[PDB]
Amino acid sequence: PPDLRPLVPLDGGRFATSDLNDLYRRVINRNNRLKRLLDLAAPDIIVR
Amino acid sequence: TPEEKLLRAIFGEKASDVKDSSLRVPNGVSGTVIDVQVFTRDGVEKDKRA
Amino acid sequence: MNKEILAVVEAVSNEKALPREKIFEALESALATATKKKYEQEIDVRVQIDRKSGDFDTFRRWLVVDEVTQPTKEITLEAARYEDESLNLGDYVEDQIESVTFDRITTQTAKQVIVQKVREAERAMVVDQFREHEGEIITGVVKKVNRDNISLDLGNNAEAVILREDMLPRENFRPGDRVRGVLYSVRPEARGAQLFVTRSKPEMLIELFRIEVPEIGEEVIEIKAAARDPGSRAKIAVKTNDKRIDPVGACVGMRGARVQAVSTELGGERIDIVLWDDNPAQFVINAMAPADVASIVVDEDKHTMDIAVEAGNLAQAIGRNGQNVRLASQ
Amino acid sequence: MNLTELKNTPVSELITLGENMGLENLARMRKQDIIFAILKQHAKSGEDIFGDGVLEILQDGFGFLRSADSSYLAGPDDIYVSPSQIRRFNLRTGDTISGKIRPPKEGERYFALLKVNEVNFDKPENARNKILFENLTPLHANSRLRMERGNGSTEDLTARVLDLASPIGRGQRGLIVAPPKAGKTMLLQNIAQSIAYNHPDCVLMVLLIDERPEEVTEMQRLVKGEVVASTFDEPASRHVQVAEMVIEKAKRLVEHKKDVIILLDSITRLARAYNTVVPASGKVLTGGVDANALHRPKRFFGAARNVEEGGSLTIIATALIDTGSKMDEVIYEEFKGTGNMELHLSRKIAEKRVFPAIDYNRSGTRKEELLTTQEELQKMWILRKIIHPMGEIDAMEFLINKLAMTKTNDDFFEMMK
Amino acid sequence: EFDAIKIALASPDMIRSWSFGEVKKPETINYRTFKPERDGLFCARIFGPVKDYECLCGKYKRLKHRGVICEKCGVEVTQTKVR
Amino acid sequence: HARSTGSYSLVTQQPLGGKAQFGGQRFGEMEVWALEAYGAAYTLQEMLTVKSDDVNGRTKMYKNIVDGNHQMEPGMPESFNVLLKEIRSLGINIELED
DNA sequence: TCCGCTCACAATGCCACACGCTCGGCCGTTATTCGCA
RNA sequence: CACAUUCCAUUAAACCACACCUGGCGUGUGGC
Ligand SMILES: [Zn+2]
């Protein structure tokens, strides 16, 4: 949940961030691109 | 607008967009102010205290 | 600082209700009270800022008089021949310059004085604009109905007031409805709302006919009297100076069509058009009609009229509070 | 109980009814809550309530049915209609509804709708599958609106001159360009009187924006049709509210194949109110006018058209000019090449006690061949060519003297030969 | 109110039933405006409204709803602690 | 330095320290051991979750105190349930009988 | 084949630094649409 | 028909904070 990883609006270019929020957003986008590899015009390097 | 500024300074409703981001002295600590320093970025005109 | 004083005087909200010389005098008074608050003594000073473009150049009033109390504003007549004063009152000289008209307390008192002055200006403007409609009827929503009086919206910042004594237990009010009347008194020298409109005055109905009855207004008829016990009985007495019209038959309309209209406009009050005569005897006889009167006497030294009625029409002779008589005595 | 009998009745009968019902002191409050409490009492002792009005859908989802006499304003007299009706009957803003309503319990204070009966004077089955307003195909006016009554009164000659200068038809756009002091109020009043006396089948609507209240009350009971007006007494929010109300009512009525006729006065004041009510978009010209601030007024003037499928909409909006400010001037410039029938009323003829002050030289109407016959058009063109070399006041008095003797424009034309 | 917690492996259907949505976009929050994403990292229909008893678009602020999902984006109006 | 009741952190719903300019005091391990060496199960439960963990528990306790109700609510810590749900985020059902 | 014995940690543990509250371009492809029924 | 999500006389609902770094605090890396 987001409350264990709060992104509070901060004064200036500084912005309080965290780490896991990028790790599984990375897994989200990786699943998206592997879906790109899942369904259309896709050779065995895909399944690998 | 500047006309809106001078109107709000005399008439009109409360200040719409302020958030009261003014800094206040922390709780408990007291004292007497003795000096004020101001630093301004180039281009910005200095206020009367500066 | 002069640029800011300009920006202010030219960037006012109500350029019409607040003329330019009014802004000048308001700024002068604000800076005057600021300079008063400056010094620990009490000395009256005007700033006389250049009305068009320039900045201020204050003065110092001294009030030529043989007194000594508050010598800051005291100059004796004998010790005043210097500087070519030679006068008894008006020694407003330039002994004081260097006014500060932009600091915190000065800005606050100037804002306060400006608020007071624009309030006074809008009051004066509304009163001397809507006072022209003093004889005619005024239409407008009610701002708010209080206990002592009710205040009414008439237009753009337009306020009127109707007193409580002129109200009725059956005449009733709440913010939102439009109640009309006649502007009976205007006190532009008062402290607040000064547009006093009443409804219980008799001539009111006269002007009602003036906006309804076509016979009145052209001098062909002459609405002479009006007896108005508000909510009880509102009779009218007219006279025709021409020889081709009738006093009552033309004004009633067509079997109570316009008279009942003005009645339900007044609040459904019973309105009966009486015909007064050149003598008070027939006048009071008709005022207590339809009924019989066995004796009509007039007394000048007592300033009274003895009206002794007969038995047979009491239901119309007295009524409630002797209204059929109460109008005549009124 | 029906609503209109208690709406358009004088407040005195309402006071009598409320006093006879044995209620609280009724005359001490607004007419709105007076009639609200009267309806509540009659529902507590009586049958279902019967209400009616025009529907407005907010951004919230529900709808409010408001009456015509209050200029469609909020209050206790409104009728709350749930979004379930807007999903079932597929309601829209400006739908003229009339039907059964119930009293409110705790949590509510407005009379909730029970069952609709008449939607825009039509059956819900017929109104279900219909045609949208903007989906219609505009066209030019074909049926000319006869403004001459035929009696030839002292003032109807004005209307006659109008027929002489601007043939009005179902679907035309009329712009009355007249400075103040010029006498357009009684002109519009006579126009409404004539168009209701000659064409009583088509609905007639007038709109007084930023107008004096006395004129509102004297017009709301002198001419036919609901006289909706938003006087200057209220802010511009109510003005844009009533503008949307009347425009959606007209759109729904013309979608139901009804000839709608709108009389709007004045359009410059309405556009100024629009300019101050809609948020600014940054770009500002001289006179304190915004770019998008004229978009909604423009739309309002463009809604009028001649529908090919059924019915039409004819708007007649007057533009107040010659006031000193720049708002009215830029508005009249933006609306100059907008309406297809201008009518200029110069104050030079009005101040000379010569009414109607009509600038016949600068007035005209496009595509008048589709409104008048052949010889009528030929006579009109001959009269125009004859009057054009003349000035304004002289031509006006000549026309007045030539029209006072005759009673009909046809005899006038044949006698002018 | 309980006793003897248990630790073992997992199950997919329980994760699905305990999850109140499916995140699909890597963006956490908009950079221009501070509004959370529709189905990104900082979501609303998966966790809850960012403010107490306030809808995401604001049209369902009323407490009478207390669970009515929005029609534009979709939020169950409740307290922030639910998130 | 003393604190009755003030703001809490954003990452955690616990009182802050000296940098908050109003925070309280830190409860480490040694005094936890010293307290459990004594009795005071109720006192330790209060010091642990009613004053630091249960965001609703502290509010309810303040409400009970301001009307004279000097009684405590059990109020199992919410952060306990959060760590249980995290363990499930790797995985196990967290079953509660009684 | 069986038994015993150091290296990277793991780590009470702090510390330091970077800042905040392997590198580059590009290649590719995509999924990209904020419709309210 | 029908669900029904209402423009909200005293007043409970509109409350609140984000900085200087070897000791105002933590994340990443490295160390045994
Ligand atoms: Zn929403």
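Draft legend 1. Up close: the overall build of chain A. Helix and strand counts for chain A stand at one helix and zero strands. Along the longest, intermediate and shortest principal axes, the C-alpha atoms of chain A span 50 × 20 × 15 Å. Relative to its 48 residues, chain A shows a buried fraction of 12%. On chain A, roughly 4000 Å² of surface is accessible, and the fraction owed to carbon and sulfur atoms is 58%.

Draft legend 2. The coordination of the zinc ion, seen in detail. All names here are of chain E. Donor atoms from the polypeptide that bind the zinc ion are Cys57 (SG) and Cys70 (SG), placed at 2.5 to 2.7 Å. Linking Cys57 in the segment after α1 (12-18) with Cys70 in the segment after α1, this pair joins segments that are 13 residues apart in sequence. According to the relative accessible area criterion, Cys57 is partly exposed, its value standing at 42%. Looking at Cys70, the relative accessible area reads 8%, which means it is buried.

Draft legend 3. Summary view of the packing of aromatic side chains. Counted under the stated rule, the structure contains nine aromatic pairs over all chains. Centre to centre, the rings of D:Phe62 and D:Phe64 are 5.1 Å apart; their planes meet at 75°, and the pair counts as edge-to-face. Taking relative accessible area as the criterion, D:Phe62 reaches 19% and is therefore assigned buried. A relative accessible area of 12% places D:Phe64 in the buried class. Where D:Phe64 meets D:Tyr80, the ring centres are 5.9 Å apart and the plane angle is 90°; that geometry is what we call edge-to-face. Taken together, the residues span a long stretch of sequence, with D:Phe64 in strand β2 (residues 63-66) and D:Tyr80 in strand β3 (residues 79-81) at a distance of 16 residues. Note on D:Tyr80: relative accessible area 29%, which makes it partly exposed. Taken together, D:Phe62, D:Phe64, D:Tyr80 and D:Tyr110 form an aromatic cluster joined through their ring pairs. One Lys or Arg, C:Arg46, reaches over the ring of C:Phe59 and ends 4.1 Å from the middle of that ring. Here the basic side chain of F:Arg58 rests over the ring of F:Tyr8, its NZ or CZ set 3.4 Å away from the ring centre.

Draft legend 4. Region of interest: a nonpolar patch on the surface. A cluster of nonpolar side chains, namely E:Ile5, E:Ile7, F:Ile87 and F:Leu96, defines an oily patch on the protein surface of about 370 Å² accessible area. In this structure, E:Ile5 sits in the segment before α1. Given a relative accessible area of 42%, E:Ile5 falls into the partly exposed group.

Draft legend 5. Representation of the interface of chain F and chain E within the structure. Each side of the interface is counted separately: chain F has 13 residues, and chain E has 14 residues. Note on chain F versus chain E: buried area summed over both sides is about 1300 Å², and carbon and sulfur give 65% of it. Counting across the chain F and chain E interface gives two residue pairs in polar contact.

Draft legend 6. Local environment of the interface of chain C and chain D. Taken residue by residue, the interface counts 12 residues in chain C and eight residues in chain D. Summed over both sides, the interface between chain C and chain D buries roughly 910 Å², with carbon and sulfur atoms accounting for 43% of that surface. Viewed at the interface, chain D and chain C are joined by zero salt bridges. Remark: the boundary between chain C and chain D carries one residue pair in polar contact. In terms of residue class, the side of chain C that touches chain D is built from four nonpolar, five polar and three charged.

Draft legend 7. Structural view of the protein's contact with RNA strand H. Residues in close proximity to RNA strand H total 30 residues, the closest being D:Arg66, D:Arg109, D:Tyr110, D:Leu114 and E:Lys64. Near the protein, within 4 Å, the atoms of RNA strand H are sugar or phosphate in 42% of cases. The separation between a base nitrogen of RNA strand H and a polar main-chain atom of F:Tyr8 is 3.4 Å. For the surface near RNA strand H, the secondary-structure elements that each account for two or more residues are α4 (83-88), β4 (96-102) and β5 (111-119) of chain D. Looking at which element gives the most residues to the surface near RNA strand H, the answer is β5(D), with four residues. The residue makeup of the surface near RNA strand H, split by class, is 11 nonpolar, six polar and 13 charged.

Draft legend 8. Representation of the side chain of C:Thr35 in the model. Residues and elements named next belong to chain C. Summarising the element assignment, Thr35 is placed in helix α2 (residues 20-38). Note on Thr35: relative accessible area 8%, which makes it buried. Not counting residues within four places of it along the chain, the set of residues in contact with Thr35 comprises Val45 and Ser99.

Draft legend 9. Molecular detail of the sheet that holds β4(D). Residue and element names in this part refer to chain D. Ordered in space as β1-β2-β3-β5-β4, the five strands form a closed barrel in which the pairing is mixed. Across the sheet, the mean angle from the axis of one strand to that of its neighbour is 55°, orientation sign disregarded. Both β2 and β3 contribute to a ladder of three bridges, which runs antiparallel. Bridging across to β3, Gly63 finds its partner in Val81.

Reading the values: the criteria
- Residues numbered from 1 in each chain as written, not as in the entry; some residues may be left out.
- Chains lettered and ligands numbered in written order.
- Part of a larger assembly, values for the part shown.
- Heavy atoms only, no water.
- Helix = DSSP H or I, 4+ residues; strand = E, 2+ residues; numbered from the N terminus.
- Buried < 20%, exposed > 50% of the residue type's maximum accessible area, 1.4 Å probe, protein only.
- Areas by Shrake-Rupley, 256 points an atom, 1.4 Å probe, with all protein chains shown as cover.
- Donors = N, O, S within 2.8 Å, 3.2 Å for Na, K, Ca; no water.
- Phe/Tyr/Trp six-rings, centres within 6.5 Å; stacked < 30°, edge-to-face > 60°.
- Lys NZ or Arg CZ within 6 Å of the ring centre and 35° of its normal.
- Patch = residues over 30% accessible without salt bridge, like charges linked within 9 Å, V, L, I, M, F, W, Y side chains within 5 Å.
- Salt bridge = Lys/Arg side-chain N within 4 Å of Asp/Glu carboxyl O.
- Contact = heavy atoms within 4.5 Å.
- Buried area = accessible area lost by both parts, 1.4 Å probe.
- Polar contact = N/O pair within 3.5 Å; in protein donor to acceptor, adjacent residues only side chain to side chain.
- Nonpolar A, V, L, I, M, F, W, Y, C, P; charged D, E, K, R; others polar.
- Near = heavy atom within 4 Å.
- Pairing = 2+ DSSP bridges.
- Axes fitted to C-alpha atoms, helices over the stretch in contact; angles between N-to-C directions.

Nothing here speaks to function; it is geometry throughout.
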